[PDB]
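Residue numbers (the entry's author numbering), protein chains in the order written: chain A, 5 to 27, 37 to 161, 187 to 248, 260 to 308, 352 to 402, 413 to 537, 556 to 724, 777 to 947, 953 to 962; chain B, 640 to 652, 666 to 894; chain C, 688 to 727, 777 to 785; chain D, 541 to 576. Yeah, the Cβ is synthetic: ideal placement off N, Cα and C, and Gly gets one too. To start, the structure under review is shown below, and the notes come after it.
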Amino acid sequence: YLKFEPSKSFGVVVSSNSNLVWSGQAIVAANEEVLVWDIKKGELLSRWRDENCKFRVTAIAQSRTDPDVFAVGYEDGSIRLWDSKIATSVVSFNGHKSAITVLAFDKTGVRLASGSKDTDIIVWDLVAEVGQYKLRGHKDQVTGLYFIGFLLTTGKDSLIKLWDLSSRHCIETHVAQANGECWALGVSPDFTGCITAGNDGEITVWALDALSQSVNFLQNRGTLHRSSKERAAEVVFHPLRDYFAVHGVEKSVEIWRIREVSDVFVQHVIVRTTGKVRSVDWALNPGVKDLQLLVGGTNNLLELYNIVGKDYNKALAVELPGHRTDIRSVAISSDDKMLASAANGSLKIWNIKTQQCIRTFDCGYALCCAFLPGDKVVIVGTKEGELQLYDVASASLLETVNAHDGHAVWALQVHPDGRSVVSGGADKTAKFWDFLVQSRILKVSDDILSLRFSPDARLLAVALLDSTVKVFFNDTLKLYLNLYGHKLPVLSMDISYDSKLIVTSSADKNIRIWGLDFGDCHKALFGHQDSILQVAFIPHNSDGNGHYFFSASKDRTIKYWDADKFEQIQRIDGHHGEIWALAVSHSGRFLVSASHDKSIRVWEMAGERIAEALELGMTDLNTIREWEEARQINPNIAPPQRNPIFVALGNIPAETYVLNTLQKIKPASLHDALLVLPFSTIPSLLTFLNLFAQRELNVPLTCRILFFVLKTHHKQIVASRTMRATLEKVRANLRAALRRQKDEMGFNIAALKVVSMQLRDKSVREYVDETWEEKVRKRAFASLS
Amino acid sequence: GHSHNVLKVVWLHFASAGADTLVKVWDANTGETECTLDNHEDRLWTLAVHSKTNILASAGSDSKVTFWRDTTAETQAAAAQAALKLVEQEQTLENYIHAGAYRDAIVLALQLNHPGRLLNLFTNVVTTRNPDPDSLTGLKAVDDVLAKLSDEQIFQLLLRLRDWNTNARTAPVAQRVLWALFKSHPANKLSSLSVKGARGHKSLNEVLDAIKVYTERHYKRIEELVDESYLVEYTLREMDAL
Amino acid sequence: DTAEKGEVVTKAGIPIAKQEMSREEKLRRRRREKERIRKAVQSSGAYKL
Amino acid sequence: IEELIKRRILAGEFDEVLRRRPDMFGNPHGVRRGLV
RNA sequence: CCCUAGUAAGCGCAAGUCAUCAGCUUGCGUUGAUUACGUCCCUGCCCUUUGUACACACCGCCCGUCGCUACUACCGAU
RNA sequence: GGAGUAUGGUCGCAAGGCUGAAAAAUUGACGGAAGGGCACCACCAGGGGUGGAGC
């Protein structure tokens with residue numbers, strides 16, 4: 005019951021996620046690991062890879078005033094801080110809900126602003142490891158952040199927001215694009231200007247200067274427009290010279306110069365690249381007179397261009423350690439030392455033990471690859487209908503044969519003896535090539569999606585588009601049987617080492633196990649959330665497990681199954697794209713899995781409540797009156813130092829706090845709580861009622877609990893002494909408040925009577941005739962009995 | 640979607669006339685009706701088009717010819733600049749709220765016509781804790797704007813004052829700013845108040861009736877409270893006796 | 688039924704507008720109204785690739 | 541018996557007598573006795 | 001584990017009713033208390049936060065994690 | 001002979017296996033906090049069984 009573990013992972017330079025950094038090293042993002050290359054020699058320096066995390070990394074930032082510390086933002090919402098000296102994560106920050114997308118650092122590097130796709134921007138302290146605060150604007154996702187203190191951000195709702203940081207609320211907003219979306223932000227390093235790139239190819243230009262009045266900081270000084278009308282991915286400024294680079298996700302990067353805003357900014361140069369660039373970045377090398385623009389493409393490459401300031415040359419490139427588009431097939435050697443990977447545009451064969459590429463060929467498209475025994479030559483069936491043949495040791499192309507006319511070779515299987523190969527195509531036929557010379561063909565009803573042989577070369581099995589499988593005999597091609605019951609067409613199949621089992625992977629999201637004597641389905645087992653691409657048995661039963669098989673599907677999963685006990689024994693995660701191909705070793709000890717990820721991998777009490785609030789307010793009143801006496805003596809520094817509950821509730825007055833704790837309780841509970849209150853607690857309540865009536869708020873509530881206090885303690889008040897003083901104060905204050913409120917409402921009702929009579933006088937009638945029958954609210958009021 | 644024959648289809652820079673005297677425009681990739689046009693008499697026959705801009709010339713069996721021009725670009729520019737001005741003045745409202753400039757905050761809230769913040773500004777200005785003694789609502793500047801309100805702003809403020817006067821919790825702040833309103837403006841203006849939005853339940857008679865009857869209820873409550881509040885003078889008289 | 692077009696009235700009888708209402712209060716008002724409501777043949781390339 | 545209970549609960553049909561209104565005769569519409 | 005007034009408990013007499021019950025069942029009279037009869041503090045159970053009526057009077061937008069729907073733009077293979 | 005109601009036969013349809021045991025939703029799923037009501041399956045005050053020996 006031996007499981008599988010990730011041991012190796014390779015075949016990848018920069019992913020389609022954003023944010024390349026330069027340091037003469039290029040620090041880019043592979044899927045979950047952030048890896049740093051030399052650009053001069055193609056050997057990577059290091060990889061930063063964490064065992065606790067699996068989510069993909071999508072934002073990189075270099076700290077200023079201290080390189081060899083970096084901030085990476087992942088897909089789950091976490092941030093890690095790495096070191097380039099030692100490849101560990103010193104601190105981790107789990108603050109956001111989803112998908113960190115833009116990082117930013119302070120000038121001093123003690124403060125870190127991270128804006129997500131869940132639209133929160135959270136700023137982080139780097140000496141206390143506490144989430145400082147959470148700035149909250151922005152209808153949808155934030156696409157630009159910068160530290161000006188002050189913060190300047192821009193979001194996908196086309197708003198630039200200028201936030202303060204001493205008082206954590208926004209000072210300014212402006213709307214960059216009227217009906218579009220502001221997509222990128224670029225700040226001048228001296229904070230004089232900011233240009234924001236919008237959806238139409240329009241670049242808006244803003245000038246920056248360096260509360261009760263009209264505050265005006267950002268000014269739309271003009272609009273610019275670039276050449277290509279795409280959603281612009283980034284705007285990067287030169288840290289030293291007067292240039293910037295604007296690019297969308299396309300094959301052009303437009304470098305403009307800093308000398352109307354159209355007179356201020358002119359395009360210096362337009363750089364064409366061989367692939368769609370995802371993120372450009374700037375590089376200045378010590379001792380050169382140039383501009384080292386480092387582009388990182390979506391098509392799996394880094395390019396360092398030299399731009400002459402006062413044309414482009416493809417100066418440096420990193421393409422050897424990765425396939426450039428997308429791996430469609432893998433086929434690993436009989437000696438299991440090297441493997442071949444077949445991608446659209448290329449063949450690249452690799453060593454397992456060193457995980458470094460050895461040979462490279464160019465083909466048009468590469469559906470299916472498999473080498474011939476002796477591992478000297480390889481076979482590739484392409485989309486255009488042909489079968490190409492290459493060889494490893496001399497690294498060349500031997501032969502090419504138009505197998506089918508324009509119909510893609512969907513299946514290639516080498517004979518287990520090793521003298522023939524079979525190509526099943528997108529035409530109806532499936533052809534046999536003996537070595556290569558065409559020996560026998562097989563015409564069948566529909567397009568053959570996948571065919572495989574038997575390990576003892578006895579029976580063949582094609583798998584059509586008609587959602588069916590035809591198992592034939594190998595010697596003469598007579599129909600042995602056919603397997604049915606698939607709702608959607610069969611994508612793959614693999615049959616057992618003794619030919620007593622077939623697994624059959626379909627597009628209806630399940631795999632079937634057939635017995636291959638009588639072809640009875642053993643058990644249809646629904647095991648993947650999407651259409652299962654491929655299946656493979658481990659070939660050797662030397663280890664006692666030959667009836668186990670792997671299945672790889674579009675839901676980013678491999679699954680290790682047991683066909684004897686019909687049970688999933690392991691679930692293999694770790695791929696971030698739809699896994700297209702996989703293969704197992706001939707020893708079966710490891711397997712390779714090649715994805716849409718472009719990364720091929722190798723696997724081995778109410779009254780007591782108001783009473784305590786009364787006491788809190790009483791201590792607050794004593795502290796405030798002592799602070800009044802101190803500030804009356806001298807204007808020296810005197811802190812009141814009130815309760816942390818008050819400075820956490822927000823420096824409210826004790827009157828407001830005790831009013832809220834009297835307001836929260838329902839009126840019957842208020843009656844019972846004031847009844848349960850003792851006469852030691854009564855005088856504090858009477859002082860706070862004096863405070864309410866003085867600073868009038870909830871006068872009916874104040875009078876209600878005051879008359880309840882007097883009526884439930886009338887004898888004790890008229891026997892005590894200090895109640896005379898505080899009750900005289902509350903009498904004067906309450907009588908003034910009641911007389912003020914009553915006189916205001918009396919003036920209101922008298923004025924409403926006067927204006928109502930005047931409006932009646934306006935309304936009465938104009939004409940006079942014989943019929944004064946022209947000169953009332955009515956309600957309905959149903960009642961059941 | 641038509642009700643008679645169509646008889647003419649013209650390309651834009666599509667439009668179709670009818671024989672049901674309506675000429676309607678829509679677009680092809682969407683496929684649903686964009687606009688309809690209803691100038692003519694009985695019939696409609698033919699449509700001409702300006703070849704440079706989008707101007708439609710519709711004529712029929714009736715003798716009138718109507719010339720229409722597109723305004724969609726103009727109203728889109730107007731809606732764009734309106735949203736620009738709206739987000740700018742909404743942020744300056746939030747700025748005045750944060751700064752505590754209650755005067756220009758109240759002016760901008762009355763301009764922006766949304767009252768959930770206007771009520772909070774009024775509760776603040778009637779409880780500022782340091783009121784000017786001669787001022788009506790505590791602040792002389794808010795007194796100045798309540799004196800210098802226009803007729804439509806007075807009527808809209810009254811239409812909010814009846815809703816604040818319904819709630820007995822915001823009844824004191826509604827009564828105080830209503831007191832400031834009545835002390836600022838004379839009775840003849842508030843009686844001859846004529847605003848285009850006076851129809852049905854929101855006309856001036858029913859608005860002043862609602863305000864008056866809820867103020868009658870609040871006044872009855874405060875009168876009962878004063879009469880019950882003479883108990884404190886009775887208790888102080890007993891302690892004076894002792 | 689007697690409110691304005693842009694505004695809503697709360698349970699307190701106070702007009703608050705949908706424009707000035709924040710996202711959190713919009714979500715909470717949606718949750719309270721929902722709580723009251725609760726109380727009451778293709779191609780081979782498209783298959784393979 | 542347990543499977544019978546599960547079938548009735550799932551495709552829920554219960555034989556409890558239901559609370560009927562006491563004035564179904566004179567007030568069959570069930571109007572509300574307040575503002576109309 | 002059960003129990004709050006002719007209840008707990010004692011006592012005998014009679015019957016043997018189409019199921020049950022003589023190793024007992026069910027009636028019937030007699031004698032007849034102590035202590036609670038409050039509170040949701042503990043353990044729980046039910047329910048409010050929608051409706052079901054109108055005056056007085058009182059209250060005053062309960063909170064979270066997701067789904068579903070509509071629209072908007074993004075990502076990358078075919 | 002008409003109209004019904006039954007009883008038992010007879011016939012026709014039902015009675016042809018891409019197959020091989022273990023959703024709905026603008027109305028839905030789950031909670032929390034506050035406040036009520038009730039309970040010798042709760043608190044409080046007492047009483048009484050069973051549990052020790054034998055049938």
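Quick test of your reading: residue i and residue j, contact by CB under 8 Å. State the CB separation rounded to the nearest angstrom.
i	j	result
A:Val623	A:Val589	Not confirmed; about 11 Å, so no contact.
A:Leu858	A:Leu899	7 Å
A:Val70	A:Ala100	Rounded, the Cβ-Cβ distance is 14 Å, inconsistent with contact.
A:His642	A:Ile631	Actually they are not in contact, since the Cβ atoms of A:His642 and A:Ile631 sit about 11 Å apart, beyond 8 Å.
Flag this pair as yes or no: are the beta carbons of residue i and residue j separated by less than 8 Å?
i	j	result
A:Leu260	B:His750	yes
A:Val479	A:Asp493	yes
B:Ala671	B:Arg695	yes
A:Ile720	A:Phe14	yes
B:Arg755	B:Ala799	no
A:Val298	A:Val387	no
B:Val717	B:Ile758	no
A:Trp512	C:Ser780	yes
A:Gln654	A:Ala672	yes
Give the residues of chain C in contact with residue i, contact being defined as C-beta atoms less than 9 Å apart.
i	result
A:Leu569	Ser780, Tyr783 and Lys784
A:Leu603	Result: empty, since nearest Cβ-Cβ is about 18 Å, beyond 9 Å.
B:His853	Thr689
Measuring alpha carbon to alpha carbon, tell me which of the options ends up nearest residue i.
i	options	result
B:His692	B:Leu883, B:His643 and B:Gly712	B:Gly712
A:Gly487	A:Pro475, A:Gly476, A:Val503 and A:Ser496	A:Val503
A:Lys598	A:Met613, A:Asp567 and A:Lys563	A:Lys563
A:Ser20	A:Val591, A:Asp586 and A:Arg370	A:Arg370
B:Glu858	A:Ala959, A:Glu283, A:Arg954 and A:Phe473	A:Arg954
A:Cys208	B:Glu885, B:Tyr886 and B:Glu740	B:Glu740
B:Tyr882	A:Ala908, A:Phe958, A:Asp247 and A:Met929	A:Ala908
A:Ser962	D:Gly566, D:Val576 and D:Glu553	D:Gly566
A:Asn392	A:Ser713, A:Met790 and A:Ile429	A:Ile429
A:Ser565	A:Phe573, A:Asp576 and A:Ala583	A:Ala583
A:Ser27	A:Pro378, A:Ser226 and A:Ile362	A:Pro378
B:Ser642	B:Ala700, B:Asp722, B:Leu674 and B:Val829	B:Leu674
A:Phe357	A:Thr456, A:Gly271, A:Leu94 and A:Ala505	A:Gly271
Note down, in chain order, every chain A residue with its Cβ under 9 Å from the Cβ of residue i.
i	result
D:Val557	The premise fails here: D:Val557 is roughly 24 Å from chain A at the closest Cβ pair, so nothing lies under 9 Å.
Residues of chain D with a CB under 8 Å from the CB of residue i: which are they?
i	result
A:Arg956	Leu575
A:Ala43	Within 8 Å Cβ-Cβ: nothing; A:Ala43 doesn't reach chain D, min ~50 Å.
List the residues of chain B that residue i touches, going by C-beta distances under 8 Å, in chain order.
i	result
A:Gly401	Here the premise fails: no neighbours, minimum Cβ distance about 38 Å.
A:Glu210	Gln743
So residue i contacts chain C; which residues on that side make the cut at Cβ distance below 8 Å?
i	result
A:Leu611	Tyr783 and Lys784
A:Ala627	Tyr783
Please list, in chain order, the chain B residues whose beta carbon lies closer than 7 Å to that of residue i.
i	result
A:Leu869	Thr779
I want to verify the contact list: residues of chain B whose CB lies under 9 Å from the CB of residue i, in sequence order.
i	result
A:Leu842	Chain B residues near A:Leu842: none, gap ~16 Å exceeds 9 Å.
A:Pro872	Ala820, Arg873, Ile874 and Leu877
Exercise for review: Take every Cβ of the stretch 110 to 123 of chain A, pair it with every Cβ of the stretch 79 to 99 of chain A, and state whether three or more of those distances are shorter than 8 Å.
Suggested key: Short answer: they touch.
Check your understanding: Is the stretch 417 to 435 of chain A close to the stretch 696 to 706 of chain A, with three or more CB pairs under 8 Å?
Key -> The stretch 417 to 435 of chain A vs the stretch 696 to 706 of chain A: in contact.
Exercise for review: Pair every Cβ in the stretch 733 to 751 of chain B with every Cβ in the stretch 208 to 219 of chain A, then say whether three or more of these pairs are closer than 8 Å.
Suggested key: The stretch 733 to 751 of chain B is in contact with the stretch 208 to 219 of chain A.
**Study point:** Touch test, the stretch 934 to 947 of chain A against the stretch 847 to 855 of chain B, Cβ-Cβ under 8 Å, three pairs minimum
**Key:** Judged by pairs of C-beta atoms under 8 Å, the stretch 934 to 947 of chain A does not touch the stretch 847 to 855 of chain B, as fewer than three such pairs exist.
Check your understanding: Given 8 Å as the limit, is there contact between the stretch 887 to 902 of chain A and the stretch 910 to 926 of chain A, that is, 3 or more CB pairs closer than that?
Key -> They do not touch, by the three-pair rule.
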